[PDB]
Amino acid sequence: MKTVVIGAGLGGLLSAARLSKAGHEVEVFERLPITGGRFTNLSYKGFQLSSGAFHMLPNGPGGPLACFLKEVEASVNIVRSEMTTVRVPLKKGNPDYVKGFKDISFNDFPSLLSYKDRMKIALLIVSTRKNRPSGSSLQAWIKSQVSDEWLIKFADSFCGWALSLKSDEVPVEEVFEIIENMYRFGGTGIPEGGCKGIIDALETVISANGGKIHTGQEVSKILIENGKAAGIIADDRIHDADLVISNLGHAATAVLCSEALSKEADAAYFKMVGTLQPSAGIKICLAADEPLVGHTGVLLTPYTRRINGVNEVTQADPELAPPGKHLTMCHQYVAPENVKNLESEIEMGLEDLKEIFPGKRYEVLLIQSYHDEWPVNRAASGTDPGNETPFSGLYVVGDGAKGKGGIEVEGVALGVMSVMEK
């Protein structure tokens, strides 16, 4: 078939790589000067920062993304991270890190509970695998099981870092599917070259399979003929297609289909699009003169105003920073109501840094905020719709149409796989 992909984000490039290998003519149209969307590198003062993602795969070398890459014969080294750690107050009862802190391994989170509560968690670790909690938020479920506030702080940190959500905003069943994927695929990892390593590898496969990628080209319309995708208009030129893959998310895709959509015949689709809620966050990048995390995993920070966790990917790939420097990146969840208040949100994160990393030698390199049309995810984890649209031959991929239960790009990969199978 003749196929076109709108947008060179990770979803679009995964699609292009698989479709070209599958024997289809593929052209990708990307509006920006470079490919990769929110998953590529940004050269900044000698550092390889990113356009979004923290240079990390949620399931490292074992998950749906890593698997997709092997399936299309993309070549890129993904290293498995060391176990994630968690920063907690020195004494139970301390509300923050002011009086000092200690670090525990992620898997030892129950160690801070009473014996009674620890044993309850041990049994739930067994029972929940096949008897999955459902029908409430994670926070509500935890509270029904254990009263110790530690688990809520820990859950909020995990949910903030991994999903850019609060634990009272994610369905418990989604969290248990995510947990099942940890067992299936393993922990985090870091691609050599950062995000761009993966982007470059996919571009190589696309090129080797006769696909073409066009940057600096904005798609302005999806052509529909008799309820069927028929092509696109990009930079005022018509391109025919039997298949259109949109990497823009449903909302933006709907706008491109505006002339063909019916508020009557497509009422369910309009309603769906109107419910989509993106997630928001702020990333603080530090130019560190010494290690702050000290390993290749995540440091979760549950006892802060805003910061949920931090990583240090130069532990895995030193080429992402100048000699004698580390790149340490922090994430904080931003609630939709506070997007209008980004300045004060940032201030709070900056205060957190002093308590997380007291007396350490670093400078704030860049602060980047994400929300709305360039968000953390186009659809909040646990809420993704499918990849289909009212029109045959038109599919949506990307983090506005993630496979259920995949964290971040693992979800993006699952979604692309679903479309490909269809």
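Note that residue numbering follows the sequence shown and begins at 1.
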Response to the item:
Ranked by mean Cα B-factor in the entry, 190 to 198 and 205 to 213, top stretch is 205 to 213
Worksheet item: Once you work out the mean C-alpha B-factor for both 360 to 368 and 373 to 381 from the entry, which is higher?
Response: 360 to 368
Item to complete: Would you mind finding, among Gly309, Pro171, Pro133, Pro323, the residue with the largest C-alpha temperature factor in the entry?
Response: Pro323
Worksheet, complete the sentence: Note to self: of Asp242, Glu345, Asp352, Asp156, the C-alpha temperature factor tops out at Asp242
Practice prompt. Determine, from the deposited record, the chain-internal third of the Cα B-factor for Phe185: lowest, middle or highest.
Written response: middle
Worksheet, complete the sentence: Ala280: CA B-factor among chain residues, third -> lowest
Worksheet item: What third of its chain, lowest, middle or highest, does the C-alpha temperature factor of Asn341 fall into?
Response: highest
Item to complete: Sort the modelled residues of this chain by their C-alpha B factor and say whether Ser43 lands in the lowest, middle or highest third.
Response: highest
Discussion item. Using only modelled residues of the chain, where does the Cα B factor of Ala22 rank: lowest third, middle third or highest third?
Written reply: highest
